[PDB]
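Number of protein chains: 6
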Amino acid sequence: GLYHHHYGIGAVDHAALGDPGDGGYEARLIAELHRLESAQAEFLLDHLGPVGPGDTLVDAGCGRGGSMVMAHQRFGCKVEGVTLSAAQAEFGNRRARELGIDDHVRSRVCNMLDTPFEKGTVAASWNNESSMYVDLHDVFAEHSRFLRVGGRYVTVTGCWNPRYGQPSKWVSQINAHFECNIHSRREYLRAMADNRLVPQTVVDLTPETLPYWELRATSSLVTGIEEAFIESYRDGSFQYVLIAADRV
Amino acid sequence: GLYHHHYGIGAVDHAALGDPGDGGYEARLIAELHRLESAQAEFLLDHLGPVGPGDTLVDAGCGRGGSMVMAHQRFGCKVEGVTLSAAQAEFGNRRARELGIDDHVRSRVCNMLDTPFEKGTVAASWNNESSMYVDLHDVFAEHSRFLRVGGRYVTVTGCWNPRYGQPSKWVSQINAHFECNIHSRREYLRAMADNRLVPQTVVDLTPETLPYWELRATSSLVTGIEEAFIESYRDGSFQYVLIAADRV
Amino acid sequence: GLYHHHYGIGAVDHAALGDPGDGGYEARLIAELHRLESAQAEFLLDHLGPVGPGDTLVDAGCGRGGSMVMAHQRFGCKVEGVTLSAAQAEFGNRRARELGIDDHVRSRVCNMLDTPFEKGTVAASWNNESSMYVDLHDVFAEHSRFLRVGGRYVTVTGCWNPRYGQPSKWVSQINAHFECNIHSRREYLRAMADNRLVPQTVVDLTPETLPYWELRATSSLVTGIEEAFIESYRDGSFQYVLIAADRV
Amino acid sequence: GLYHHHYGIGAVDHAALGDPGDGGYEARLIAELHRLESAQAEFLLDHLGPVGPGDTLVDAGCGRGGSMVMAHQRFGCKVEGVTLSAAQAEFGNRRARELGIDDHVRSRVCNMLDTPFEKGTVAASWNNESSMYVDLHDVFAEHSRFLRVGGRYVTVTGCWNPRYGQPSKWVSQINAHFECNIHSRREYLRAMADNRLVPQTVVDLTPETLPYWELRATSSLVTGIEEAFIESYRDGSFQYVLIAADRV
Amino acid sequence: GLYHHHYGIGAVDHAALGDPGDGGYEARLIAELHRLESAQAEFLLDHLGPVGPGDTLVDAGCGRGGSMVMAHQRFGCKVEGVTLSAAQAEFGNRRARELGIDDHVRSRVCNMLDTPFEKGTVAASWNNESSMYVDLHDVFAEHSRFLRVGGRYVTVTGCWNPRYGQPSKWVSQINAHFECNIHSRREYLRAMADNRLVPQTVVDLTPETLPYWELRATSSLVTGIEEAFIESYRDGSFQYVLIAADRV
Amino acid sequence: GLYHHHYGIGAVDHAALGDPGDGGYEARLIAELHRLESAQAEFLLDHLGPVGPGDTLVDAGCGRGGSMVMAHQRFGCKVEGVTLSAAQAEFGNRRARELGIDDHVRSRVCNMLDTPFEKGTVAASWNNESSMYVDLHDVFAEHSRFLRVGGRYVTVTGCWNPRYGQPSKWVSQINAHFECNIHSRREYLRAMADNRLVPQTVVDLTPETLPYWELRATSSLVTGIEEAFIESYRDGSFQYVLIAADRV
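Protein chains in written order, with the deposited numbering: chain A, 53 to 300; chain B, 53 to 300; chain C, 53 to 300; chain D, 53 to 300; chain E, 53 to 300; chain F, 53 to 300.
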């Protein structure tokens, strides 16, 4: 993507898309994709509970910091980000300095499994499309450690549905495309329970993210993976969900 | 209650309530309470997935069969109910014979922990305000046993929120009132994971059930327990939730 | 209570109680209650094993320090107490200064779940009627941490008997009265096993504590809860037990 | 031993032992040993709760049926025994026919791990000095299966104390002597918790069984193993205990 | 493949391969591939222990029965096969009738997770390249059920190495190619331990199977997936192993 | 033994043993025993993976340092040893100073359960015939702690085979002889899985160690325990194995 690395949710604004014959259509599409992505990040924020200006938020696998900047403009709190990409950290910070908020928002190169945050000092943290890259038990044990008792964890992610048995080929094609390891909803809920994380909200967002991918499949920038997403989301083997949980 | 033994959800129809000075007000209130209760049972049904006419549904702790009759009029399937009360079974069946559907809907005196249903033959089952009377691990292990792989379990129940530590006095007052043992959301999610039940939807309904109890606290039939419900729901120590899960 | 916050054990000295017609009867009763309470605390001490003058003992949920002062006068060791009540800490310490033993015995405001004691430095610790206020797994994990390998843990507490299924209303009435969360004997034994605590002695003391509550139910100071205790102890749904365990 | 295969408890009757110079001393000793053994079996019975005439009791590893005959003469119930020795079964039954109670008491060759008793039909069962011959998790899972909910399990056995780390040589010498596999108190309590068996009474009987072994070490029939028992019981590495538990 | 559906092990016979210029080379290659495959199946048999003529062997995910026919010609026992493919069952049986051994060897359409074999009646069973298609805990729980105590389980399979963290893209490409779900060596060993299966032999066969795939990558029949196998086997993210275990 | 405290593997060199009539035979035997012992230690090293000069290796229960000196002469790395015997530590170090390598190899008196090594700093560690002296879960949890992610653990040890049920008398005789507590292969594999140790190689070495013990049973130095080893290794109740695992 251009800013947010995650996917979006919500009905597409076809009116603003205009004529696919215009030259500026492919541009008007990128703007739309962004709008839908911002909307889902805004939705993930709605689930962090009431974070105050004095709280410290953590974003595991923060990408370019889009979610961190949004968290700060909304809550006023301090936000620490973490990623494996140096280029991405530098980017997020550069953007913060420019916004005059690098005194609250910072990204750093660090593996989300071995973070520098002290036990029980984080008020809320999240994984926005990044838990598909790490063992679930270990990332949740880490969030649980640095999370304050009563803290809030949120994760928006794609997971294969165990209701239909083993992972469908679609899920595997996506895994191969991103060199990730998509987990099952069973594994998500299991790991959370074994790590003192208790779900407060579990919501399947597949219907809200479908328009996003259908619109994306009609572009130039298409990478060939949008087919896997659309089919798996339709036959139900793959699903987009949001899980907000309390660190009990 | 009068028919449904569970509680309701949704905004109160104050217009239909009219003048609390009318003699018929206390009557118009009972009708409203019923409407809200039917609405929540209708909501629990929305989470059973697509049950077909050939499926067999189970209601653990079925009360007077209100949820069973509703399930059948909606899906056309067979519905087996279970309770400890003989008077309640007789009632549910009597109502079925009268509706001319006792060839699909039946209630029987049987403990939900030791049911007669064969392994993997039930398509969907639920606990509507009755899981607060039994050990969670054992009732979920039982549902999991008679539930078909891919089947759907739903539970609407009051649970104390572990986010606020131990059970508040309010929760204990309710327990004493009904001689029940209200569980924690942690225990609900934990038991489900240890019994091959994977939550597909988790939604806090406390805001939707609050109007129900506030309206109830203003009646003659009041039992004195409505205070415990309203306060605990407000300070957040007690919460009303719906959990729909897949038997994986 | 007046000094010890716990309950007592042993046959009542009716001779010393004299005529319930005397004015001084209600006084002679308080003295008796105290005697029975001291006797049970003395009994809990009998289960700490051979603690030496150089050992450090811990009392989780120490109340007014009665058990701590008794532990020190008997063993000569150092005793650290912990409670949530500032007024109770101040009281215990004041009493220690007066006894000229505040150089061995001290109480402090601290939650028994997050104690300041170093790993493996405590020789023996106990919960005298206070484990009913906290999650069992967490308090036992904490005792296990600061407990020396080979150390001794003791707990005297009321627990609902799982032999009779769910908690009886009596247990719930008590919970509501003290805003506590009485656990099941199953939960006690389970938590101990998951936290390297191995029971050396398990003894039901309900028969020895019954006289205590029957005598108490005949006083002025009665709070109305003595009925719940007596009935539940009689029908067997509630039980008073002592569990001495080794930190293996 | 002569009848009971287990060990005994209680103070030795030195008066009845008389002069060790008599020829009949070695005989008077066997009679004493028996008395102490009967006394411990009587003690194990005290922990079966109130078994009625219509109950079915099970003895896993029943030896010659001494405990079964005693259970029946006391309760009037039906008692099924199980052992690997055909010669021992035949003996127990022969003794029953003679007592005119083989219509209640029966022994059979069957492994205690794979019993023929139906799920939930046994009221109480026990292992008197025989759990040291089988995996603990498997024998307790079996008792739990055929045990009625609310049933009572009792075991009197020698176990190495984990408070002193690994098994002492003494314990190993005994294991080699009987070709058994003495377990740790930790393993006993652990297995019970993982198999729905909740200890109601745990009592160290080592002091009550010591006189038994000291008297035994002074006989002709001595096998050389009494040294291992006496030393290990004294240094505390080995211990004799009774555990009565409820099948919850 | 042509007969065996699994992969092979052992040094390639380049001498028998002759000139890649011959027309008959592509034929001489298929014969070689077969030889290597037969050799690995022969190797899996070496790990079934001493199965006698009266034993019943099971092959979960049997393909065309090549391993079953080989097991019978070697041991003389009865061999039951299971697969999801009707065409494959018919094939295996047809081959048995022709060999005059269909009175010992039979294949049937049945899911390896829900088999018809009775508890404890199978002497040895195996998964030859088929465990990558099912949840590991469930297939091993099933083998454990129908496996006699002391029985032997063997599995030859490809598994991603957890020593290198998450699944490499190579593993994902293979998963997508076969629509399977390759597990981690950690998951293999974990599931076995949770299902009473104790490994007696664990051997990495990646070096012995490498020649097999290198020779295969030089053919006409190539499917494009041989690259994924060779690279992942070389960088160590994917590995071919054999695990022989006892049902304890 | 004389240097290595462990046992050996490999065919006996009868030619070098010469005439058992020579006076120097009993000497030529000790030399042979040593050769076989060095060979097995060399074999354990083959399973540490590619340890580099900058790695730190740990030997839990190091005896006289024979395995440590061998590890260093082969890899060039730093090797820390641990034992309970002061005399053994002094010996290992003395030998290191003499070899001019005490700047890489060191032994110290420390219990392998509570080591001073920092979390994740050790590249590979092992237990050569010493895990039979400690609880398995605790020693493996310790290795896992100080072991780097991706590190390698190896253990060569005698374990009773669970395939034959409970420990045979032979195993018990050995336990009594060394005052150790021989574990079951089940316990070895179980503990490893619960402590993030995943077996890469599991190999029964009983056939390779048998010649070692048969040759030993024909000497003067015989202690009487060689009978237990030979018989148990033959009837299969006891077994010598090597387990190499990765810290995942």
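The beta-carbon is built from N, C-alpha and C at its ideal position, and this holds for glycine as well.
Going by alpha carbons, who is nearest to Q140/C out of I226/C, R158/C, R116/C and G152/C? Nearest C-alpha to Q140/C: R116/C.
Between the alpha carbons of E150/D and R200/D, how many angstroms are there, rounded? A direct Cα-to-Cα measurement between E150/D and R200/D gives close to 31 Å.
Could you check whether the Cβ of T253/C sits closer than 9 Å to any Cβ belonging to chain D? At a cut-off of 9 Å between beta carbons, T253/C contacts chain D.
Check this for me: beta carbons of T270/E and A175/E, under 9 Å apart or not? Their beta carbons are not under 9 Å apart, which means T270/E does not touch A175/E by this criterion.
With 16 as the cutoff for other CB atoms within 10 Å, does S272/A come out buried or exposed? Burial call: exposed.
Look at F290/A and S177/A and say whether their C-beta atoms are less than 9 Å apart. The answer is no: Cβ separation not under 9 Å.
Chain-ordered chain C contacts of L241/D [CB-CB under 8 Å]: Going along chain C in sequence order, the residues near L241/D (Cβ under 8 Å) are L241, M244, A245, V250 and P251.
Cutting at 7 Å between CB atoms, please list the residues of its own chain near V103/A, excluding the five before and the five after it. Contacts found: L109, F127, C129, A175 and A176.
Rounded separation between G203/E and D298/E - CA only: Each residue's Cα considered, the two are about 6 Å apart.
Proximity of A112/A and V64/A at Cβ, strictly below 9 Å: No, the Cβ-Cβ distance between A112/A and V64/A is not below 9 Å.
Is it the case that the segment 53–60 of chain E contacts the segment 87–95 of chain E, given that we only count it when at least three CB pairs across the two stretches are under 8 Å? Cβ pair count under 8 Å is three or more, so yes.
Mind checking who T275/A pairs with in its DSSP beta bridge? For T275/A, DSSP assigns no beta-bridge partner whatsoever.
Any beta carbon of chain F sitting closer than 9 Å to that of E231/D? For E231/D, the closest Cβ of chain F is nearer than 9 Å.
For chain G, find out if any of its Cβ atoms is closer than 9 Å to the Cβ of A193/D; answer yes or no. No chain G appears in this structure, whose protein chains are A, B, C, D, E and F.
Under the DSSP definition of a beta bridge, which residues are partnered with residue 31/D? Look at the range of chain D in this structure, 53 to 300, and you will see that residue 31/D is not part of it.
Return helix, strand or coil for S182/C, following the three-state DSSP convention. Of the three classes helix, strand and coil, the one that applies to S182/C here is coil, per DSSP.
Can we say the segment 205–212 of chain A touches the segment 178–185 of chain A, given the rule of at least three CB pairs closer than 8 Å? Output reads yes: the segment 178–185 of chain A touches the segment 205–212 of chain A.
How is the beta strand (DSSP E) around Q252/B delimited, first residue to last? Going by DSSP, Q252/B is part of the beta strand (DSSP E) stretching over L249 to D256.
Does any C-beta atom of chain F lie closer than 9 Å to the C-beta of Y292/E? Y292/E is outside the set of residues whose beta carbon lies under 9 Å from a beta carbon in chain F.
Sorry if obvious, but does the Cβ on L249/E come closer than 8 Å to a heavy atom of the ligand COA? For the structure depicted, the ligand COA is absent and the ligand set is empty, with no information on it obtainable.
Identify the contact partners of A228/F in chain D, using a Cβ-Cβ distance below 7 Å as the criterion. Neighbours of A228/F on chain D, chain order: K221, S224, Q225 and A228.
Return the bridge partner residues of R160/B from the DSSP annotation. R160/B is bridged by DSSP to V134/B.
Since I believe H189/D is in contact with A123/D (beta carbons under 8 Å), could you give me their beta-carbon distance rounded to a whole number of angstroms? With 8 Å as the limit, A123/D and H189/D do not qualify as a contact, their Cβ atoms being about 26 Å apart.
For chain C, is any of its Cβ atoms less than 9 Å away from the one on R238/D? Yes, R238/D lies at the interface with chain C (some Cβ there is under 9 Å from its Cβ).
Which residues of chain A have a Cβ atom closer than 9 Å to the Cβ of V186/E, listed in chain order? Residues of chain A passing the Cβ test: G217 and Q218.
Assuming contact is defined by CB atoms lying nearer than 9 Å, are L85/A and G53/A in contact in what I supplied? Yes, they are a contact pair.
Alpha-carbon spacing of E170/F relative to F198/F, whole angstroms: Rounded to the nearest whole angstrom, the C-alpha separation of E170/F and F198/F is 6 Å.
Over what stretch of residues does the beta strand (DSSP E) that includes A112/F continue unbroken? Residues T108 to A112.
Distance, Cα to Cα, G144/A vs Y264/B? Spanning the alpha carbons of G144/A and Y264/B requires a straight line of approximately 48 Å.
Determine the closest residue to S196/E out of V300/E, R87/E and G76/E, with distance taken between C-alpha atoms. Checking every option, the nearest Cα to that of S196/E belongs to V300/E.
Any Cβ of chain F within less than 9 Å of the Cβ of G104/E? Using a Cβ-Cβ cut-off of 9 Å, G104/E does not count as an interface residue toward chain F, since no Cβ of chain F sits closer than that to its own.
With a threshold of 9 Å between beta-carbons, can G202/E be considered close to chain F, or not? So, interface residue.
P251/D, buried or exposed, once every other Cβ within 10 Å from all chains shown has been counted against 16: Buried: at least 16 other Cβ atoms inside 10 Å.
Could you give the distance in angstroms between the alpha-carbon of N227/E and the alpha-carbon of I234/E? Annotation: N227/E to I234/E spans about 6 Å, alpha carbon to alpha carbon.
Can you name, in chain order, every residue of its own chain whose Cβ lies under 8 Å from the Cβ of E279/E, other than the five neighbours on each side? Hits under 8 Å: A269.
Specify the secondary structure class of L199/D as computed by DSSP and reduced to three states. Look at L199/D here: in three-state DSSP terms it is strand.
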